[PDB]
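**Q** Pasting the sequence and an experimental structure:
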Amino acid sequence: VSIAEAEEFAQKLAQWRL
Amino acid sequence: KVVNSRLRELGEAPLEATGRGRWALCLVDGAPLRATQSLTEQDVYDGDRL
Amino acid sequence: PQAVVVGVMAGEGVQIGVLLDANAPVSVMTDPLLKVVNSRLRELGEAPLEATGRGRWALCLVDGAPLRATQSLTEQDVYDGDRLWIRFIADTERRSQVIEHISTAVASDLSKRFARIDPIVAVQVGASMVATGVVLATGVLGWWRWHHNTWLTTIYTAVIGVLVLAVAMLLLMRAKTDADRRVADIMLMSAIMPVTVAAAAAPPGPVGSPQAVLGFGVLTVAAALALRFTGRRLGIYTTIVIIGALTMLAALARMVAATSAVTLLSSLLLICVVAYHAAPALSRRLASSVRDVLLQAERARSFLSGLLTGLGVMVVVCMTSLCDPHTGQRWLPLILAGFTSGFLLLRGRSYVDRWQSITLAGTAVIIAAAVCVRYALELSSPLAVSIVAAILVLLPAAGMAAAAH
């Protein structure tokens, strides 16, 4: 995966918490 | 101010426009956010894009 | 130039007008865009978009082809006022499958990629073979009448016509599906041919002007009557009605009185010329709420394609009969053919339909070629055939070159 794709996935995951 | 300041370090031209109007935050479809309500009142959370 | 307004299609059909960033890469917009279409559907009271198992969300053209995720919206040929579609595309990853022993491997693969014969196709082939069979029988019966005057031809052909028609009639009442209707239609299509020569063969004495009038008359009536009662196969029947009706008038004139063929041929050319101009109007008059629009559109398209085709047949037959390499001012019909070809070539591009524009364009080329062949077979000479061949090969080559270059 590219840096863009990684950040895209990372931003989507950053939205959630326990 | 911080966005224009950061743009100059990247070597990009700051935000600039002509005509009567103002600067504000908008969604991907161009809809502006409410000027008098909290980002917590609006549906904004970590990792969103504006 | 910083933004463009476009329509985005979403689940089950809601179109929403949006003003998108013209230079950010498309992959940056699809996530928040999905949120927005879902929010509007929720307020509208509809069901939101959802994923199914393994897959991804993409932004595509109305044709379904996805846009390149890394390119800018301005980098792609997307303009203000266009429309796009947000779509879910499932995961294609699955295990690979291997068969080593050659004979089994051939049978397995070869059966998954092609279609075997079935009972449905067997009947359509059977129908096609009988239709072809009867036209061959009428042909030899007709060839006999053209050299003999006995009642045999009409008596023999009449019974065949009645028998084929009786079967087609019984099939049309029983047909349930389009597969059944095609079988019946082929059977009915073939019934018109024997009855036509059966009637034309009845008037005694040598064959000619008086016999011809009945055939084209009954042919025109039968084709029109079949269409009226069936309401399907508009094109094939309509084309027969045109050539039948026009030939009947010419046949009647020649039977009553006619100074020359050129007169009738010129009259037909003139009648077709005005008909080409009137063609779309004729089609327009001859042709739960939404259905009313769809049915009428294809009906008019059907009648117009046959109409333009039938006129083409008449002018090619007429023009090839008008031109001649030995009679009078030889150059007169040649230049007339040229002007006729130019009009068809120029006007053919005005029609907004592939088969109508293509059929009209092709009609002009065959007329030109037929004159060249006429001028080679008759008034034959080594230079003449050599000259015609050069013209005959370069003419279409130049036509293609004008489009290819």
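**A** Received, thanks. Numbers count the residues shown, from 1 in each chain, chains lettered A, B, ... in the order given.
**Q** Let me see the backbone angles for residue B:32.
**A** phi -70, psi 150 (degrees, to the nearest 10).
**Q** That one touches residue B:22, doesn't it?
**A** No: distance between residue B:32 and residue B:22: 9.7 Å, which falls outside the contact criterion (C-beta atoms under 8 Å). For every residue, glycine as well, the C-beta is placed using N, CA and C.
**Q** What distance do you get for the residue in chain B sticking out farthest from the centre to chain A?
**A** Using C-alpha atoms, centre = their mean, the residue of chain B lying farthest from its centre is residue B:11. It sits 19.3 Å away. Per C-beta to the nearest C-beta, to the nearest Å, residue B:11 is found 20 Å from chain A.
**Q** That residue and chain C, how far apart?
**A** Taking C-beta to the nearest C-beta as the measure, residue B:11 and chain C are separated by 17 Å.
**Q** what's the most centrally placed residue in chain A in contact with, if anything?
**A** When chain A is reduced to its mean C-alpha position, the closest residue under C-alpha atoms, centre = their mean turns out to be residue A:10, at 1.3 Å. When contacts are counted by C-beta atoms under 8 Å, 6 or more residues apart in numbering or on different chains, residue A:10 touches residue B:47.
**Q** Name the helix or strand for it, please.
**A** Under the assignment given by DSSP states H and E, the secondary-structure element containing residue A:10 is helix A:3-14.
**Q** Next, the buried residues of that helix.
**A** By neighbour count with 16 or more other C-beta atoms under 10 Å in any protein chain shown, helix A:3-14 contains the buried residues residue A:8.
**Q** is it true that residue B:8 touches residue B:14?
**A** Yes: using C-beta under 8 Å, residue B:8 makes contact with residue B:14 at a distance of 6.4 Å.
**Q** How far away from the center of its chain is the helix or strand hosting residue B:5?
**A** Using DSSP H and E, residue B:5 falls within helix B:2-10. Shown here is helix B:2-10, whose average C-alpha point lies 14 Å from the average C-alpha point of the whole chain (C-alpha atoms, centre = their mean, to the nearest Å).
**Q** Close to chain A: what parts of chain B are there?
**A** Chain B comes close to chain A at residues B:45, B:46, B:47, B:48, B:49, as judged by C-beta under 8 Å from any C-beta of the partner chain.
**Q** and the nearest residue to the fourth one once chain neighbours are set aside, how far is that from residue C:20?
**A** It stands for residue B:48. What sits nearest to residue B:48 in space, not counting adjacent residues and going by C-beta to C-beta, 6 or more residues apart in numbering or on different chains, is residue C:32, at 7.1 Å. To residue C:20, residue C:32 is 11 Å away according to C-beta to C-beta, to the nearest Å.
**Q** got any residues that touch both of the two?
**A** Residues touching both residue C:32 and residue C:20 by C-beta under 8 Å, 6+ apart: residue B:28.
**Q** if I look at residue B:8, how far off is chain C?
**A** On the measure of C-beta to the nearest C-beta, residue B:8 and chain C end up 19 Å apart.
**Q** Residue B:10 too?
**A** For residue B:10 relative to chain C (C-beta to the nearest C-beta), the value is 15 Å.
**Q** starting at the chain centroid, how far to stretch B:18-35?
**A** For stretch B:18-35, the gap between its own C-alpha mean and the chain's C-alpha mean amounts to 7 Å (C-alpha atoms, centre = their mean).
**Q** Residues in contact with that stretch: which ones?
**A** Contacts of stretch B:18-35 from elsewhere in the structure, counted by C-beta under 8 Å, 6+ apart, are B:15, B:41-42, B:49-50, C:3, C:16, C:18-21, C:29, C:32-33, C:36.
**Q** re the thing from before, looking at residue B:32 and residue B:22, which is more packed in?
**A** Here residue B:32 and residue B:22 are compared on neighbour count by other C-beta atoms under 10 Å in any protein chain shown; more neighbours surround residue B:32, at 10 against 7.
**Q** how close does the residue of chain B at minimum distance from chain C get to residue C:236?
**A** Across chain B, the shortest distance to chain C (C-beta to the nearest C-beta) belongs to residue B:30, at 3.4 Å. With distances defined as C-beta to C-beta, the gap from residue B:30 to residue C:236 amounts to 54 Å.
**Q** go on, residue B:6?
**A** 72 Å.
**Q** got it, and residue B:13?
**A** When C-beta to C-beta is the yardstick, residue B:13 and residue C:236 sit 68 Å from each other.
**Q** repeat for residue B:43
**A** Distance of residue B:43 to residue C:236, computed by C-beta to C-beta: 62 Å.
**Q** Quick one: name the residues of chain A near chain B.
**A** Chain A comes close to chain B at residues A:10, A:11, A:12, A:13, A:14, A:15, as judged by C-beta under 8 Å from any C-beta.
**Q** close enough to count as contact, the fifth one and residue B:47?
**A** Think residue A:14. Yes: using C-beta under 8 Å as the test, residue A:14 is close enough to residue B:47 to be in contact (3.9 Å).
**Q** Could you give the backbone dihedrals for residue B:28?
**A** Backbone torsions of residue B:28, given as degrees, to the nearest 10, read phi -60, psi -20.
**Q** how many neighbours does it have?
**A** Residue B:28 sits with 21 neighbouring residues when counted by other C-beta under 10 Å.
**Q** try residue B:29
**A** Taking other C-beta under 10 Å as the criterion, the count of residues near residue B:29 is 21.
**Q** Assumed it was part of a strand.
**A** No: following the definition DSSP: H, G, I helix; E, B strand; the rest coil, residue B:29 is coil and is not counted among the residues of a strand.
**Q** Next one: it from chain A, what distance?
**A** When residue B:29 is compared with chain A (using C-beta to the nearest C-beta), they lie 19 Å apart.
**Q** who are the neighbours in contact with residue A:13?
**A** For residue A:13, the residues meeting the contact criterion (C-beta under 8 Å, 6+ apart) are residue B:47.
**Q** Kindly recompute the last result at 10 Å.
**A** Neighbouring residues of residue A:13 by C-beta atoms under 10 Å, 6 or more residues apart in numbering or on different chains: B:46, B:47.
**Q** Quick check: the gap between it and residue B:28.
**A** When distances are taken as C-beta to C-beta, residue A:13 and residue B:28 turn out to be 20 Å apart.
**Q** Give me the most central residue, chain B.
**A** In chain B, the centroid-proximal residue (C-alpha atoms, centre = their mean) is residue B:25; its distance is 3.5 Å.
**Q** do you know how far that residue is from residue C:34?
**A** When distance is defined by C-beta to C-beta, residue B:25 is 20 Å away from residue C:34.
**Q** same thing with residue B:6?
**A** When distance is defined by C-beta to C-beta, residue B:6 is 28 Å away from residue C:34.
**Q** go on, residue B:23?
**A** When C-beta to C-beta is applied, the distance between residue B:23 and residue C:34 equals 27 Å.
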